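This report concerns only the one structure given below.
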Amino acid sequence: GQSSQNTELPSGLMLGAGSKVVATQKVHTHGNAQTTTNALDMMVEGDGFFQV
Amino acid sequence: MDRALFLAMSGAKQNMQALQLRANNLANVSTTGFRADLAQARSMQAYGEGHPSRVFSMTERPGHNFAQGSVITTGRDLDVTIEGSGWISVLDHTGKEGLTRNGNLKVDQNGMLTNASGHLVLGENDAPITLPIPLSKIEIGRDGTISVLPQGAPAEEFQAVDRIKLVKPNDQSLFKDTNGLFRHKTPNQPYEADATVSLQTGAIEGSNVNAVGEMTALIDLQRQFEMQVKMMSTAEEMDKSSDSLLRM
Amino acid sequence: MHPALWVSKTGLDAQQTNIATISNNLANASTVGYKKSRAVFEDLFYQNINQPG
Amino acid sequence: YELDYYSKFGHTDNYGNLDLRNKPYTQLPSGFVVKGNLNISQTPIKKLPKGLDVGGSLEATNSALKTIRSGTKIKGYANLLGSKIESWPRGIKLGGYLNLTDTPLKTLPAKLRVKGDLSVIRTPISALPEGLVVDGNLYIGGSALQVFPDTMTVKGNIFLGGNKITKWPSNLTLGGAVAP
Amino acid sequence: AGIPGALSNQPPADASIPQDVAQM
Amino acid sequence: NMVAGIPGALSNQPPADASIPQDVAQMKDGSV
Amino acid sequence: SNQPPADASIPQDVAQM
Amino acid sequence: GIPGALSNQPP
Amino acid sequence: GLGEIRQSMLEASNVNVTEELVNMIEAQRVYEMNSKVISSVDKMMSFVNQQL
């Protein structure tokens, strides 16, 4: 498993192993507001999470 | 038997290795900040007594494609892409510093700025950037300056806390290491920050792999591979026929 | 996989922001003391394959 | 006709070696620079341009080359086998051997230095220049040489090849052996 | 002799005339 | 002296392809 | 010949032999 | 004795 | 620095349906491209044990 040295020569040729998905990142961008007539539904503008 | 059997085998073996290098390129088309790998064959002759008829070929990586990757506008504040040439200096798990072009940054629970690969992002003092824990709005500058708003502070209290270390060395002096980080070929070469590298915040740089370029190279490795394996069979055929010189 | 695929996606994203600003102005057509907004467009960086000059 | 810039590009390899074998070029532009080796074998070229620079070795085997002008820089060796060269100019910076076998060469520059081997095999040359210095092997087989100068220097082997030498140099230090 | 452009199997040295080929 | 090594595909390769173990390649010169 | 022939050199860079 | 030869006996 | 509670309003999802469709196109073509390599390797090896 010796590495480095002359990487632009046949001696130091390096081969990859493919690709993978490392993380499924949640994009917490603030969404648009829906105006409803129900008086029991609420919204947070800006940072914040409701607690249940 | 004849040595042309192994002379062609040593060529067919390298074509498969070249095929593996192109396979890694196409698997990394969706990867972020991926620099395509070039594949080439070197002609090496067996020097010595006799007619100069046997020349081996080995596949080797001559370099990488450093052209600008595809920029993906995502609207995310912590997404940065290098405008034109330039690198981001990060330290891997072991601690050795290296260059990266993946600007899919994130902030951990303690404020340390990392990228998608987990490498810590270097700062102005050649140290990992550690931002205050209670942030309110991160707004990266074009030059790499990170201006953050403390939590609960008025919108007019915007102050800079760090500047991402951007390095633009000669691309021909860089080699990809065993983990996708580009480092200097010459050991113990300091990575000096550049004042010309710019960061387009809100966008992500994709891969630079040309899918058709790999596909049209594939269809030629296959044909060259098939020609050499025919040579192996015809060298086998010649030896079997010449087996009738000891029958007596 | 293709530069034109992602270049045009930036155009799609730019128009979605542009339309959202237009829709906000029409929604606030009766709001008292509302100042209208207009989106400001600009090109992204240019890849310097060949140096001009 | 003559080689142009665009025609030059179509006879150059990856590392910069110009190949003009059997090509119908008559003259090269002055101040010519070659990145690597130069091959003008079998060419109708009768004259090399002034200010010629070769980053490798000059190959002119079995060519029509006749005249090389002074000031030419050659990093590698000079191979003028079977050409039509009649004299060697003074002041050629040669980084390698000089092979002049089977050429109509008659005269050599005085106190010539060959950093490699020297060949005058089967040449009509009558006498070697005074103060000759050879760092390699000297082959004079089949030539018309029969008298060596007063002083000469050969750091390798000396091969007579068949010609008879009667007057040997008075001051001669040999690093090798003499072969008939 | 024969062919005029035969090769040489010895490694390049640029100092020794290759005697592998029929250099006549 | 005794001379030896791996025959076939592995030895009929350029030295850059390090298929042959280092000590076995040493045996290919001479031994006693 | 009275001596063994030399082996064959297959270098990846002729400058280093 | 070939340095580092495999053996033929259960490890 | 916390957000405010807005009654009778709802926070819509922040998904961009057009963005997902564009990503679907790129992911589909890359998926097909890798299958081409797998077929190419299989056809190459199939030529070996058949011809040789």
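Ligands are numbered from 1 in the order shown, chains are lettered A, B, ... in the order of the structure tokens, and residues start at 1 in each chain.
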At a cut-off of 6 Å, using only C-alpha atoms, what residues contact stretch 7-10 of chain G? Leave out same-chain residues fewer than 4 positions from it and give the result as a PyMOL selection string. (chain B and resi 45-48) or (chain F and resi 14)
At a cut-off of 8 Å, using only C-alpha atoms, what residues contact stretch 194-208 of chain B? Leave out same-chain residues fewer than 3 positions from it and give the result as a ChimeraX atom specification. /B:28-36,65-87,101-104,140-144,165-168 /C:1
Residues of chain B at most 10 Å from chain A: nearest atom pair and distance in Å, only C-alpha atoms, as CSV:
residue,atom,partner,partner_atom,distance
B:17,CA,A:15,CA,8.1
B:18,CA,A:15,CA,9.1
B:20,CA,A:15,CA,7.1
B:21,CA,A:15,CA,6.0
B:22,CA,A:16,CA,9.5
B:23,CA,A:18,CA,7.5
B:24,CA,A:18,CA,4.9
B:25,CA,A:18,CA,7.9
B:26,CA,A:18,CA,8.5
B:27,CA,A:18,CA,5.5
B:28,CA,A:19,CA,5.7
B:29,CA,A:19,CA,9.1
B:30,CA,A:19,CA,8.9
B:31,CA,A:19,CA,7.4
B:37,CA,A:15,CA,9.4
B:39,CA,A:13,CA,9.7
B:40,CA,A:10,CA,9.6
B:41,CA,A:10,CA,8.5
B:42,CA,A:10,CA,7.7
B:57,CA,A:10,CA,9.5
B:58,CA,A:10,CA,6.1
B:59,CA,A:10,CA,6.2
B:60,CA,A:10,CA,4.6
B:61,CA,A:8,CA,5.5
B:62,CA,A:8,CA,4.9
B:63,CA,A:8,CA,6.7
B:74,CA,A:27,CA,9.5
B:75,CA,A:29,CA,8.7
B:76,CA,A:29,CA,7.6
B:77,CA,A:29,CA,9.5
B:104,CA,A:25,CA,9.8
B:106,CA,A:25,CA,9.5
B:116,CA,A:23,CA,7.8
B:117,CA,A:22,CA,7.7
B:118,CA,A:22,CA,9.8
B:136,CA,A:47,CA,8.5
B:174,CA,A:7,CA,9.8
B:175,CA,A:7,CA,6.9
B:176,CA,A:7,CA,8.5
B:177,CA,A:4,CA,7.4
B:178,CA,A:14,CA,7.9
B:179,CA,A:16,CA,9.3
B:180,CA,A:16,CA,9.2
B:185,CA,A:5,CA,7.7
B:186,CA,A:5,CA,9.0
B:187,CA,A:5,CA,9.5
Sorted by chain and rising residue number, which residues of chain I lie within 8 Å of chain B, and what are their closest atom pairs and distances in Å to one decimal, counting only C-alpha atoms, as a Markdown table?
| residue | atom | partner | partner_atom | distance |
| --- | --- | --- | --- | --- |
| I:1 | CA | B:152 | CA | 4.1 |
| I:2 | CA | B:152 | CA | 7.8 |
| I:27 | CA | B:30 | CA | 7.6 |
| I:30 | CA | B:29 | CA | 7.1 |
| I:33 | CA | B:26 | CA | 7.2 |
| I:34 | CA | B:26 | CA | 6.6 |
| I:37 | CA | B:23 | CA | 6.8 |
| I:40 | CA | B:222 | CA | 7.6 |
| I:44 | CA | B:222 | CA | 6.5 |
| I:47 | CA | B:226 | CA | 7.3 |
| I:48 | CA | B:229 | CA | 6.7 |
| I:51 | CA | B:230 | CA | 7.3 |
| I:52 | CA | B:233 | CA | 5.5 |
Can you list, as a ChimeraX atom specification, all residues belonging to stretch 79-159 of chain D that DSSP tags as strand (DSSP E)? /D:79,93-94,98-99,113-114,118-119,132-134,138-139,152-154,158-159
Apply DSSP to the backbone of this structure and, from chain I, keep only the residues in alpha helix (DSSP H); write these as JSON, numbers by chain. {"I": [17, 18, 19, 20, 21, 22, 23, 24, 25, 26, 27, 28, 29, 30, 31, 32, 33, 34, 35, 36, 37, 38, 39, 40, 41, 42, 43, 44, 45, 46, 47, 48, 49, 50, 51]}
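Interatomic distance, atom CA of residue E:1 to atom CA of residue E:19: 13.8 Å.
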Do you have the atom CA of residue F:2-atom CA of residue E:9 distance handy?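 Calculated distance between atom CA of residue F:2 and atom CA of residue E:9 is 28.7 Å.
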One-decimal distance in Å that lies between atom CA of residue D:170 and atom CA of residue D:97: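 Distance reported for this atom pair: 25.5 Å.
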Write out as a PyMOL selection string which residues come within 9 Å of residue E:12 when counting only C-alpha atoms, dropping same-chain ones fewer than 4 positions away. (chain E and resi 8+16+18) or (chain G and resi 14-15)
Mind dumping the selected residues with C-alpha atoms as an mmCIF file, in the first residue's frame?
data_model
loop_
_atom_site.group_PDB
_atom_site.id
_atom_site.type_symbol
_atom_site.label_atom_id
_atom_site.label_comp_id
_atom_site.auth_asym_id
_atom_site.auth_seq_id
_atom_site.Cartn_x
_atom_site.Cartn_y
_atom_site.Cartn_z
ATOM 1 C CA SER E 8 18.992 0.394 -32.178
ATOM 2 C CA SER E 16 28.517 6.070 -27.828
ATOM 3 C CA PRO E 18 25.432 2.219 -31.492
ATOM 4 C CA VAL G 14 15.341 6.007 -19.376
ATOM 5 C CA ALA G 15 17.098 8.886 -17.598
#
